[PDB]
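Enquirer: Based on what follows, work out the 3D shape:
(2 chains, ligands or ions: 7)
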Protein chains: 2
Amino acid sequence: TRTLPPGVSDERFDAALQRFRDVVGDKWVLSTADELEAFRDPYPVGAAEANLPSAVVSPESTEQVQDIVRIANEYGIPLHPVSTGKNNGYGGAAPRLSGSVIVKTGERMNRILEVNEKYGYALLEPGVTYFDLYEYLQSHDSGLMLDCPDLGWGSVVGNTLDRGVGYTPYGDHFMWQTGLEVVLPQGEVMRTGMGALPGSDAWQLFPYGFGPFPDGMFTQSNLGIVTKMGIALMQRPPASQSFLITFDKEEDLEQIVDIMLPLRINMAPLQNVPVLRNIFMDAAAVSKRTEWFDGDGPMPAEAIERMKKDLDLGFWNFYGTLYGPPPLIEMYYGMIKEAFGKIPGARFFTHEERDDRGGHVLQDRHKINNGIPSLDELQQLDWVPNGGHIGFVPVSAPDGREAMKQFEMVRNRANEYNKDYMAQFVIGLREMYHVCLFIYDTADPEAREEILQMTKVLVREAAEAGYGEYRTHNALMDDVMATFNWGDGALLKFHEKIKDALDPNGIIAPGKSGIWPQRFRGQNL
Amino acid sequence: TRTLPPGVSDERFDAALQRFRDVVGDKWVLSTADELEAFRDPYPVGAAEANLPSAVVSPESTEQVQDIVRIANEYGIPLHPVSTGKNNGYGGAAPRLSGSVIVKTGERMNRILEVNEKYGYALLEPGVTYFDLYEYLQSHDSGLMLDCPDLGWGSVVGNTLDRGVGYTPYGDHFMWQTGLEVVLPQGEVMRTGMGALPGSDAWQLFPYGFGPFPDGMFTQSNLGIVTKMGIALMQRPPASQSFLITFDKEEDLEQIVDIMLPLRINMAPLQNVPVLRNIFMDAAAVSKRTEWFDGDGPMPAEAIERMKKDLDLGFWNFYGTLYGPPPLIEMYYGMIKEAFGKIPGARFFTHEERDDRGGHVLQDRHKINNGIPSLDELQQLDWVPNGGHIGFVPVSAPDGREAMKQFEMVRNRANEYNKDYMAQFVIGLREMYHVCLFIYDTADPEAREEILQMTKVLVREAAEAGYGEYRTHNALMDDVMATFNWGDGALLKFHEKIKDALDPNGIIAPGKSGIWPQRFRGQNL
Ligand SMILES: Cc1cc2nc3c(=O)[nH]c(=O)nc-3n(C[C@H](O)[C@H](O)[C@H](O)COP(=O)(O)OP(=O)(O)OC[C@H]3O[C@@H](n4cnc5c(N)ncnc54)[C@H](O)[C@@H]3O)c2cc1C
Ligand SMILES: Cc1cc2nc3c(=O)[nH]c(=O)nc-3n(C[C@H](O)[C@H](O)[C@H](O)COP(=O)(O)OP(=O)(O)OC[C@H]3O[C@@H](n4cnc5c(N)ncnc54)[C@H](O)[C@@H]3O)c2cc1C
Ligand SMILES: COc1cc(/C=C/CO)cc(OC)c1O
Ligand SMILES: COc1cc(/C=C/CO)cc(OC)c1O
Ligand SMILES: [Ca+2]
Ligand SMILES: [Ca+2]
Ligand SMILES: [Ca+2]
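Expert: Numbers count the residues shown, from 1 in each chain, chains lettered A, B, ... in the order given. Ligands and ions are numbered 1, 2, ... in the order given. The structure is reproduced below:
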């Protein structure tokens, strides 16, 4: 065929593409199947085609984004805005609504607009990756550090707008977000916070501004195209130390979480964001499945014990990092060794104590936790051939028995659909993100379908136990919004009413987070 | 004359009140001149009458709130929701729009719904004062501590909904707000975050839920009536120590702020929210103006010197608190002494070192910063007869020169309108609230008119320098919103579209933060 926006003829789409070319330059409008292939989900879900873009437009300026949005309103073209488009696990760059035009802001709006060393912040355009920001801070001998997710090729801005997270004390990216500039769905531009007071220098010093705080309405959202975003940057501490605790039993998870909470809730001695990764997650970072089990179905217990023995890891591996003067590091590490020492079999290693293959993960977290971006986690996709992943991430109370129950519910479905269960518990002050990566052969349509069906059952199963996900893939967005339905869907009704108010023609990423504007509500897609 | 809602007849109002009576009980609907006098602004601003309530309704439950809002929609009666209604300095309980009915949620909805010791949170109704919650924590041998403003008789919820602040590490109340329940302007009820997932234990554990993050839109806002709100509660540390640094010269302000920033930006050694108060603010807390000066206008230099000598305080007095094991306190306090000691005339005191009258402020801060509510600061209102105050609170970069120019700018105008300039800088990580309390004789019409015209001038002057206010009085909300006018007022136009979409009848607190629903837009008020 040719992929087209819903309701839009071949003819009117050709016209609108030429309007875009007049705004951005012919170079920067892609509309052919060979050109669009790189903007498909690199980790596709389900057997069938889905989430197909009709074109890709790369603007160079806030002004060009306005003009793009005006043209889109004139023609009823839907727009999916991305920064770097690296949302792998949740859809890649692909739109939720098939036929949408991707607006890749970060291809050319990729400039670092300010890094302020005195007050510790940055003012960024969407194309700035973590690597770009790191090389800038290194170049200018900065005293600041950034906060990055596991992979460095994403966007500081784009990750924030999906409320992603990293692992330093500044790991809640949306919390340290300060000021943004946004083009609203009919082309008007707006600045939040002290940016709305012209001549203020405090756009990136004071988040709230005056009046209703709106910045949160542009995260996991479709109320506009963000063109600038500010973010706080932490001073680098004078030293740091990273550590691993290996735990032998699957059932250790309960005592691990329970001892952790008192050590974490006051942000000391667990100063950073700890991660609790199972042996499958760690083995996937350093080895192929076939090294351990070349056979059929779920991995047997003896192969698991071989994994743990060969890598000298446990079933549960705790990674953390301490910052500050060396005496403060010694004391805190002492408190952490005494507390988790009560769990029989716990073994402790610093980042200076492990140079084997099993310690490759520890060395990678020691980078990530010190604001040094990395791609070594890509090695996880070599667990199986042509590997891809989807993120199933329920929220869990920092309680041992609730975690244990989430672990068991998920592994039981994992086995049923013949998929390994790799887990990374990402631990905040009072909440945990229970990251379930399902790694699968993207060239196998049967595997792709099992992944769709399995995660659709897990969304439902988790919700029936009172567990929701914080973030999800294009293919699960409707399902996941449907679980947040207290008061006969009051939350969704709220978002719809606001969407239709700011977006009367229904242009911006329809269906993002399950939020469709009037003209699409009631169809399949 | 009877105070009536705009456009509502005497007969339609009387029917509407009776319907209110059928919902909450006849006891809980005040409407006579005598019953209303107590709900007028206790610190009135300007000579003229303004902000008059037409009635006060006191609901017992969320369901009654819903019914109140439905009746209001049917009769076009505007509703000013408040919790305890002690927003003194900003209007008290008085509505922005005269003729509004106050919905005082806190009078009967005053119950603590949950205090969770393990995860450290509260779930509260709007009527829970800081004293009430402190009493609960004391009776239950709680290991938690709250965070309170200077006056403990206000609402934890209400203060949060105006983005008020306290002085412990949890001093940013909105940040630690986690979950709320709200009756939207047409009577439907909604829960944010994990509260939207039926059966989740995580409403007060994970703030964001899924999809766009809305809770900020209900702060300093008129998009609904809030009926429940959660907030995180910090663990009480094993020890604390408060301290006072006195600085001799007016001109020291610049050096105090510039030495302060590097000790504050990493939240250590300045772990709490330091305040920097001037000698008038400290004298007003412990003495009357006439103890220093009886006569003509601004206070002369000899008299200021008498206050400093008699109270053993400086012109600028810096108050902080340290928390933790005594080794840590001592380390941090040694760092604070070594840095600020570089300013000639700096003098240092811990809370155990001063039992004189000048030390009463230090001892009050020592309570506040340890989560112990107080009404001692009410004494500042005895500076002059029939004392009242208004909060003019521009935001400042944490920069000595910026602080100095704000100080000079406000003092010049204070002099010009024959008022004393009481200052309390409230110091965040990257920003300062420059609290300018103007204390005045509320019974004197010319004094009230001076307050109105001086602060009108100050809003305009500050914004011409690139400064805005974080919070303001009823009388200044249109002037302050008007300064945030980047891109031809994009911010206010964004808020009005949301306002008109969730409040089609224009019911909830019209004019709050200068946001007026369409049916009032264009008129005087
Ligand atoms: C092995 C692996 C590990 C991972 N680890 C982590 C981790 O530790 N933490 C984590 O957070 N994620 C993690 N992820 C997920 C993903 O890699 C990152 O979150 C990634 O940074 C998101 O993609 P991005 O930065 O390119 O954002 P984008 O793809 O550019 O944006 C994501 C979404 O935000 C919205 N958006 C983006 N830009 C705009 C804009 N200008 N205007 C409006 N809306 C916009 C759109 O909805 C878009 O689809 C991991 C993924 C994998 C496969
Ligand atoms: C001497 C002095 C010192 C002060 N110090 C401080 C200080 O340190 N910190 C500080 O923050 N303030 C301070 N203030 C300001 C004020 O006294 C307090 O902030 C006070 O706690 C606010 O009043 P309240 O808690 O009763 O809230 P309320 O008056 O009950 O509510 C405040 C506002 O929030 C909104 N609101 C409240 N409840 C609801 C609801 N249920 N639904 C919808 N909207 C709602 C309304 O717009 C309402 O007017 C001070 C004032 C004085 C005079
Ligand atoms: C903490 O959030 C995430 C962490 C991770 C961590 C992956 C490491 O195996 C992945 C994600 O999406 C695919 C996330 O959203
Ligand atoms: C920090 O916020 C405020 C502090 C204060 C502190 C007053 C102490 O004199 C007052 C306010 O409004 C009147 C505030 O909004
Ligand atoms: Ca338990
Ligand atoms: Ca009923
Ligand atoms: Ca300076």
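
Enquirer: CA only for contacts and neighbour counts going forward, please
Expert: Fine.

Enquirer: Quick check: which helices or strands does the top strand by length along chain A pack against?
Expert: In chain A, assigned by DSSP state E, the strand with the most residues is strand A:432-441. Judged by 3 or more CA pairs under 8 Å, 6 or more residues apart in numbering or on different chains; DSSP states H and E, strand A:432-441 is in contact with strand A:387-392, strand A:395-396, strand A:422-427, helix A:445-464.

Enquirer: again, 10 Å this time
Expert: Here strand A:432-441 touches strand A:275-278, helix A:279-286, strand A:387-392, strand A:395-396, helix A:400-416, strand A:422-427, helix A:445-464, going by 3 or more CA pairs under 10 Å, 6 or more residues apart in numbering or on different chains; DSSP states H and E.

Enquirer: Tell me if the shortest one is near chain B.
Expert: Yes - counting by CA under 10 Å from any CA of the partner chain, chain B has neighbours in strand A:395-396: A:395, A:396.

Enquirer: How far off centre is that strand?
Expert: How far strand A:395-396 lies from its chain's middle: 16 Å, per CA atoms, centre = their mean, to the nearest Å.

Enquirer: Run me through the strand neighbours of it, direction for each.
Expert: strand A:432-441 (antiparallel) (DSSP bridges).

Enquirer: For the stretch 251-400 of chain A, list the residues in contact with ligand 1, please.
Expert: Counting by CA under 6 Å from any ligand atom, the positions of the stretch 251-400 of chain A adjacent to ligand 1 are A:377, A:378.

Enquirer: picking that back up, and the longest strand of chain A, does that touch ligand 1?
Expert: No - judged by CA under 6 Å from any ligand atom, strand A:432-441 stays clear of ligand 1, getting no closer than 8.0 Å.

Enquirer: in the stretch 201-350 of chain A, which spans are helices?
Expert: Assigned by DSSP state H, counting those that start in this stretch, the stretch 201-350 of chain A shows helices spanning A:253-264, A:279-286, A:301-311, A:326-340.

Enquirer: Summarise which helices and strands the last one is packed against.
Expert: Put plainly, it is helix A:326-340. strand A:240-247, helix A:253-264, strand A:316-323, strand A:347-350.

Enquirer: Let me know how buried the nearest residue to residue A:395 once chain neighbours are set aside is, in neighbour terms.
Expert: Distances taken as CA to CA, 6 or more residues apart in numbering or on different chains place residue A:433 nearest to residue A:395, at 4.9 Å, with adjacent residues excluded. Residue A:433 sits with 23 neighbouring residues when counted by other CA atoms under 10 Å in any protein chain shown.

Enquirer: got the contact list for residue A:433?
Expert: A:165, A:275, A:392-398, A:424-427, A:469-471, B:206 (CA atoms under 10 Å, 6 or more residues apart in numbering or on different chains).

Enquirer: What are the boundaries of the helices in the stretch 51-200 of chain A?
Expert: With DSSP H, counting those that start in this stretch as the criterion, the stretch 51-200 of chain A has helices spanning A:62-75, A:130-139, A:156-161, A:173-176.

Enquirer: Pick the most deeply packed of these.
Expert: helix A:156-161 (a mean of 27; mean count of other CA atoms under 10 Å in any protein chain shown).
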